[PDB]
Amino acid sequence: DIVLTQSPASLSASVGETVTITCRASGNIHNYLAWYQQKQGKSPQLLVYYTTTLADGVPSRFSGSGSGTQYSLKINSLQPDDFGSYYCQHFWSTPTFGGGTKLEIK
């Protein structure tokens, strides 16, 4: 199976800062990559799919990029509503999830 490794595992940041989180695959996933945001005590929520497409209602401060085995999620100027856990997931043969990135307020 293709595994996903997320970096950093946790990051401390202030409101208004710009952050980038990485998702690396152990095999080529051909851009079939989605990103989810998860808040404390809620179910995950779709942010981005097919690498760069935003889900409806997702603010434009969010942007994804990547190809091959390297993908990124950039959040311009963090809002309080954005802290939480981020997960990348692929759909190249059997789906797997990365380990997650914890975004915590500095």
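One rule holds for the numbers: they count along the sequence shown, beginning at 1.
For the pair 53-61 and 31-39, the record assigns the higher mean C-alpha temperature factor to 53-61. When the C-alpha B-factors of 22-30 and 71-79 are averaged, 71-79 comes out higher. Per the PDB record, residue ranking by Cα B-factor puts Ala9 in the middle third of the chain. Looking at the C-alpha B-factors along this chain, the one for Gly98 belongs to the lowest third.
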